[PDB]
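Working notes, beginning with the structure itself.
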Ligand SMILES: *Cc1cc2c(cc1C)nc1c(=O)[nH]c(=O)nc-1n2C[C@H](O)[C@H](O)[C@H](O)COP(=O)(O)OP(=O)(O)OC[C@H]1O[C@@H](n2cnc3c(N)ncnc32)[C@H](O)[C@@H]1O
Ligand SMILES: *Cc1cc2c(cc1C)nc1c(=O)[nH]c(=O)nc-1n2C[C@H](O)[C@H](O)[C@H](O)COP(=O)(O)OP(=O)(O)OC[C@H]1O[C@@H](n2cnc3c(N)ncnc32)[C@H](O)[C@@H]1O
């Protein structure tokens, strides 16, 4: 440890990694701190699902994800356990047990909200969907010139797309994917258009996909190194960053207070530039622990000195979920171009097709795969090959259907634990609603209760806003029922449902961007700079100030890119 | 990738790491292959629990374990799903889905048996309990001289405990440890002896324990390297080892066929010496895949050419489990030495004790921690400090109580604790029985069904033998019920039960050790060398041929140390 | 089933289960109010919950 | 085979059945409320020892049926409630409501 750097970044998620990639690239002397540790393998902050073993038993990855999702606010438990033996110690009240938060109203929570403390953050487990927002979902970066605003967003997203290696091709030879894609495409007759979900991934072989992650944006190795002899970067894992120190006029940050979790020691790290990328919840915790916003249960009577919008206007998407079992009609269509004779399991059985025939419903590569599966595996009653990659279908958000869709299979902290229905038949349905930012929806911090790292305990006061948010969420549920039925019936055990609020982990707005602090009720400008402070920047979904349905990380990356432009324009890196 | 080494080890679990530490240290050019990958952090093959965030969120580690336990043999599923939509594809038979094994009788399974494929193997997640076996549990290493046999086993165990860093004091200043330790010592005074579980672990601070793993045995760094400039070792993860190539005469291994899972390429690796440490299941798979024992369903009309006892006489332990809620009486005694004035919350609440007082029931270190807790947390109704380390108590196997016991808390694939009862109150009880080896209990491999790595699918034909094994298992359940009652009543939701067969993961006997192949119905001699073959050795629980109740790894490590002593004497390292 | 059909619980405390997966359009409680014949006098931790 | 073991409970003043003066039942009569815990002391010790006896005795006949593991039943489900209007010789001395002819 140096005590002095050009830039310090808190958190080694994919958004901290954007700031590192831009600024280490540009010659700045950079340090990054993470409260979490390198576990992930020799590629630091890489995607934990890039093992052969995981992609051969993908269902087990759900557990890995649950293992690193730590709930943000758990209300005090009031379950009645009245069958303890009379000799066992028995409680008289629902007292504060097992890390629970007595500030939390159980009926106004984001009970599903959780955080991950490891190097690379949530990008070590995420499902890698990186779509662009359309205008209706996107903050403005220029007003009163939509063409200029469009050109800015296109440049930034394009760059963000390179950093993540976003693509729409990785699943193009999957039979399940094309079976679902083509059917929805036919059914909607141009009313909606379908495509592959844009994924941050590169395919390495037919049975393996290198999913992207932080490591993809920046490899997190210390520099200088032989591969980058003129760059300067140090990562410090197991370091809780607790507060930034403000000067007296509140126009500059003077240091970052840290706590080394292994030695126990504390330090004050000095930098020219301080970047907070600790996630939407923890950025806000760190600012409020620093004297920004208001500590404790909200109280209009003593309105804060600084950032009165911090932790208000928060948004989290509604999420509806089901699983379907492929229709007979679609399964039989897999084999539409085949001539099948005799009885499976006899030497006289055969399966053929005519290559190139203009009337075939499917291409040759598909019929080849089907033929070989059905000829080599005559004991199997399905025409889909055993290792056919998953579907990855979306029709993106549009004003007349204002929700994102994913019609796919991926690993999440829920999603079928079942064995009785063949996995080749099962398609997941996830529709994501947009939520209006409302002042009364808040993330705040207890002035009494603390979390496991002795910081102010986060507390939500959240409900989906009535009016348009709620009308679309229900219309969205209906849309998913109507759409999914074109492909098949619901899988028993995964019937259509709203999921636990915040499970979807797309919280935004906690330290929101806009042009004017007051008129826009916001915390950072379009450079991601905290209002008032020359040298403090926030990055993450917490910046997004709009109601969005699409998955937000790519948009948050784009914002961080723009932020790094302003930093190059106003700070000089130290000589090497 | 040299094509030639002095020694090749298949398997990077603790036992393979024993051969490595011994043979790399003695100057052999050693290569090690593992089908799985470095994930675990920069300490290769280290315990995954050793993170600050896991040890602050220890209930989450259960998910990590679940995520890397892949079931060995899952029988064909016969659950009825009769609530599909009539449009959905629906089965006509219970056909083979999702990885199930049609050879498996579901009533003669070890359905809880599971394998872990990652660098370090199961040692990246185990709960670190390493006791010694008494004579009753233990194979003989010296014939006709009980005292020389004990001398040899003491020398081996001593070395193996040093490699694991085994100890019996890391939990000595736990209040809950001592609370239970003391009560049971007193209840069984003159009848049974209680102590701490011998644990491969080193305490680093009052709230942090460095659990041991394969990494403790050997750090798995490629050599030569700065701190060992003269040693030669290379680790190759993501390599499936598939066959050892027998010479026509069956007197020697000529090479190791491997499949690099990243490139897809297959290779023959050459060594002087071949060591299989792939675990009890997968060592056996590999051998049967190489022509040893008999491929397919057992058919005694066909004695196999080699190792007719391979995959017979398998043993797995009966495992009984419950959890308890500490008695009111015990919880009160925790604060027995305390002088209390007024009540909590009120102005003059004070809690004090007199160190050294002869009327004190507890030591000063206990009282100090209780006093401080009760004074610093007057809202909490219990006297146990929040970060009190876990309890870790055992009464070891004896003739009059022939089962191992563990009266503790730790993370397993089951037994995750709920949220309504305070965790400070909860104690886990696991009692492990011993299983008589019997020729009819078998692990065998399909001649046609293959697993996810296209190797012969493992199938169990297993039942707990009638007689002593069965009577003892039931007596063991009653003992748990009687012993647990001294400490507290059963926790609702963790009532006393037998756990699913094999969930215990202490599988033994699959490639069992003895003096004479024929007379003792075994596969390896006491040097762990395969009968007939000059240069093939097996390591692991599968070598153990007795009925044992205590946890096996430490015993397996001892036999490997003995195995290395043979190898050192009989093969010469190549020149550096 | 017949027995269950004629055993009517004597005292049911106020329900404090959290149902947070209702549709946003559905009417949602702000409190754990007296619902369905529950008894608000009853301390759920000092009951004979099974008396009928 | 079903195993049911039934323990005795010491009569204590503080264990009560009472009636709300506001809340009413389905028949518009005052809502019954309990305030009960198994008494500390002999009741509780006996109850636990009783669970142990069942685990010990039952084992002579057979193992537990999975899904019917030994447990304490939700309080009152046994339906053997007593002493709500208790008998004794003398109302004050024996803390009671009826004499031994069951007259109030
Ligand atoms: C869990 C997950 C998330 C996810 C997803 C599926 C799952 C199961 N699917 C996604 C998808 O397909 N696409 C989408 O856009 N996003 C999806 N997500 C969400 C995504 O992972 C997050 O939006 C993204 O990772 C946010 O990145 P950011 O870099 O802002 O935040 P992070 O990854 O959470 O990293 C923050 C880190 O900072 C640390 N930290 C926290 N507090 C401190 C303090 N006080 N001091 C120092 N470091 C701190 C963390 O430990 C962490 O690494
Ligand atoms: C899971 C578990 C284990 C466990 C424990 C609690 C949990 C939840 N508690 C333990 C305890 O407290 N004390 C005890 O003695 N045992 C405990 N266990 C079991 C213990 O972990 C194992 O007994 C021990 O790890 C076994 O050692 P070993 O070195 O023999 O084997 P392994 O750890 O299973 O690793 C073998 C490896 O080899 C690989 N592999 C397998 N097949 C191949 C092929 N074909 N080619 C190349 N490599 C192969 C693996 O990937 C693996 O890492």
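Residue selection: residue A:64 fails the criterion of being over 18 Å from the mean Cα position of the chain (by Cα), within 7 Å of chain B (Cβ to nearest Cβ) and within 16 Å of ligand 2 (Cβ to nearest atom).
Annotation for the stretch A:145-159: at least one member residue is in a loop (DSSP other than H, G, I, E, B), more than 16 Å from ligand 2 (Cβ to nearest atom) and assigned by CATH to the domain that holds residue A:454. Listed by first and then second residue, the pairs linking a residue in the stretch B:120-141 that is in the same structural domain as residue B:527 (by CATH) to a residue that is within 16 Å of ligand 1 (Cβ to nearest atom), with Cβ atoms under 7 Å apart and 6 or more places separating them unless they lie on different chains, are B:125/B:64. Scanning the stretch B:524-544 for any residue that is closer than 18 Å to residue B:284 by Cα, touching a strand residue (DSSP E or B) at 6+ places or on another chain (Cβ under 6 Å) and free of Cβ contacts under 8 Å to residues at least 24 places away in the same chain turns up at least one such residue.
Taken together, B:548, B:566 contain a single residue that is farther than 12 Å from residue B:277 by Cα and either within 14 Å of ligand 2 (Cβ to nearest atom) or within 14 Å of the chain's Cα centre (by Cα) (or both), which is B:548. Give the stretch B:121-138 a look and list any residue that's near ligand 2 (Cβ under 6 Å from one of its atoms) and within 14 Å of chain A (Cβ to nearest Cβ), or say none. Passing the criteria: B:121, B:122, B:125.
The set of residues in the stretch A:158-176 that are surrounded by fewer than 21 Cβ atoms within 10 Å (Cβ to Cβ) and in contact (Cβ under 8 Å) with a residue 60 or more places away in the chain comprises A:159, A:161, A:173. Of the strands (runs of 3 or more DSSP E) entirely within the stretch B:456-549, those holding at least 2 residues that are more than 30 Å from residue B:160 (Cα to Cα) occupy B:456-461, B:488-490.
Identification of strands (runs of 3 or more DSSP E) wholly contained in the stretch B:180-250 with 2 or more residues that are in contact (Cβ under 8 Å) with a residue 24 or more places away in the chain and under 19 Å from residue B:121 (Cβ atoms) yields B:199-205, B:208-211, B:228-236, B:239-246. In summary, residue A:38 fulfils each of the numbered conditions (1) facing chain B (nearest Cβ under 7 Å); (2) within 30 Å of residue A:387 (Cβ to Cβ) with the single exception of condition (2). Restricted to the stretch A:97-108, and to residues there that are more than 7 Å from every other protein chain (Cβ to nearest Cβ) and surrounded by 16 or more Cβ atoms within 10 Å (Cβ to Cβ), the residue that is nearest to residue A:79 (Cα to Cα) is A:100.
Picking from A:79, A:84, which residue would you name as being touching a strand residue (DSSP E or B) at 6+ places or on another chain (Cβ under 6 Å), more than 16 Å from ligand 2 (Cβ to nearest atom), closer than 28 Å to residue D:7 by Cβ and at the interface with chain B (Cβ under 7 Å from one of its Cβ atoms)? From the options A:79, A:84, the qualifying one is A:84. Each residue in the stretch A:23-45 was checked for being within 14 Å of ligand 1 (Cβ to nearest atom) and closer than 18 Å to residue A:230 by Cα, and 2 of them qualify.
Any residue at all in the stretch C:5-17 that is over 13 Å from the mean Cα position of the chain (by Cα) and away from chain D (no Cβ under 14 Å)? Yes; the residues of the stretch C:5-17 include at least one that is over 13 Å from the mean Cα position of the chain (by Cα) and away from chain D (no Cβ under 14 Å).
Of the candidates A:491, A:507, the single residue that is buried (at least 24 other Cβ atoms within 10 Å of the Cβ) and touching a helix residue (DSSP H, G or I) at 6+ places or on another chain (Cβ under 6 Å) is A:507. Residues of the stretch A:46-55 include at least one that is within 24 Å of the chain's Cα centre (by Cα), more than 12 Å from ligand 1 (Cβ to nearest atom), within 8 Å of another protein chain (Cβ to nearest Cβ) and part of a helix (DSSP H, G or I).
Test of understanding: among A:165, A:66, A:113, which residue is within 29 Å of residue A:409 (Cβ to Cβ), within 16 Å of ligand 1 (Cβ to nearest atom) and touching a strand residue (DSSP E or B) at 6+ places or on another chain (Cβ under 6 Å)? Being within 29 Å of residue A:409 (Cβ to Cβ), within 16 Å of ligand 1 (Cβ to nearest atom) and touching a strand residue (DSSP E or B) at 6+ places or on another chain (Cβ under 6 Å) holds for just one of A:165, A:66, A:113, which is A:165.
All Cβ positions, even for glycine, are placed from backbone atoms using ideal geometry, and neighbour counts span all protein chains on display. Numbers and lists here come from the model and the stated rules, or from a named source; no laboratory read-out is quoted.
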